[PDB]
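According to the entry's author numbering, the stretch in the sequence shown is residues 1 to 122, in order. Inspection log for the structure reproduced underneath, given as structure tokens.
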Amino acid sequence: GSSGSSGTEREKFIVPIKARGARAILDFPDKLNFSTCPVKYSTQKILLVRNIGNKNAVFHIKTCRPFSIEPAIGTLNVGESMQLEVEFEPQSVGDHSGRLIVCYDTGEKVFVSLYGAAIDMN
């Protein structure tokens, strides 16, 4: 009971009948698709983000190697964009997939699947 959850598929949350005031929201893709990259060598990519919310949004991403990005945290303002760098070096050859869990100041969470098929090309 206390500890032990069977497991349920994630469901896109939805706002109630009405919701006003002040809220922060960013623009993030469903997942990061990394084309055929080198296994040993490290891979990187740029992810643009434009503050869509109404007030200052504060997101804090957390990840670990081989998945690592920066700035792990930042503050975007409504009516502006930014660029986030994501570093990922698949030390092992094969298919690597993960998930970027973002943390908001208000108390929200995000899910962004990761990818980066590595090959022994070298």
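A virtual CB, placed ideally from N, CA and C, is assigned to each residue, including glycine.
- Here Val-15 is exposed, its C-beta having fewer than 16 other C-beta atoms within 10 Å.
- Around the CB of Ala-118, 16 or more other CB atoms lie within 10 Å, so the residue is classed as buried.
- According to the DSSP secondary-structure assignment, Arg-50 is paired through a beta bridge with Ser-81.
- DSSP, reduced to helix, strand and coil, places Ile-119 within a strand of the structure shown.
- According to the DSSP assignment, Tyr-41 belongs to no beta strand (DSSP E), since it is labelled neither H nor E.
- Where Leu-76 is concerned, the enclosing beta strand (DSSP E) starts and stops at 73-76.
- About 5 Å separates the CB atoms of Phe-88 and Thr-43; that is less than 8 Å, so the two are in contact.
- Inter-residue distance for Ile-25 and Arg-65 is about 27 Å (C-alpha atoms, whole angstroms).
- Per DSSP, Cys-64 lies in no beta strand (DSSP E) and is assigned neither H nor E.
- Taken through DSSP and simplified to helix, strand or coil, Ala-57 comes out as strand.
- The segment 74-83 makes no contact with the segment 29-42, as fewer than three CB pairs between them are under 8 Å.
- Residue environment analysis places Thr-8 among the exposed positions, since fewer than 16 neighbouring C-beta atoms fall within 10 angstroms of its C-beta.
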